[PDB]
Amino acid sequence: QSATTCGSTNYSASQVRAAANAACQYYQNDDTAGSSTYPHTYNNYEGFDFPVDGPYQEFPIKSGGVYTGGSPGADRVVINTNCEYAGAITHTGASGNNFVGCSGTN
């Protein structure tokens, strides 16, 4: 994971790692954060060309710390089931429940 910009939000490489890291941890323990359903399967309905193969899991990323439950916000980190970083996606600039890539994800 590297620095990225989702809509207007700038996430540092450390912030992306921490989120990616958390998603992995929970995926591994067959856990979810708080009372949410994250991390959960990310189907890739949008056809992003991730640098790693799937299956994938999505997890929120946000400023101010690692997601713990509640509103996930617009941003997400995507990892595969091998805990390999796939990319960052966002609802910002998208329509409906669609996602668009954050900088570096296409």
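One rule holds for the numbers: they count along the sequence shown, beginning at 1.
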- Query: Higher mean Cα B-factor in the deposited model: 67-75 or 29-37?
  - Reply: 29-37
- Chain third (lowest, middle, highest) by recorded CA B-factor, residue given as residue 94: highest
- By the entry's values, the third containing the CA B factor of residue 54 is the middle
- Message: Splitting the chain's C-alpha B-factors into thirds, which one does residue 7 fall into?
- Response: highest
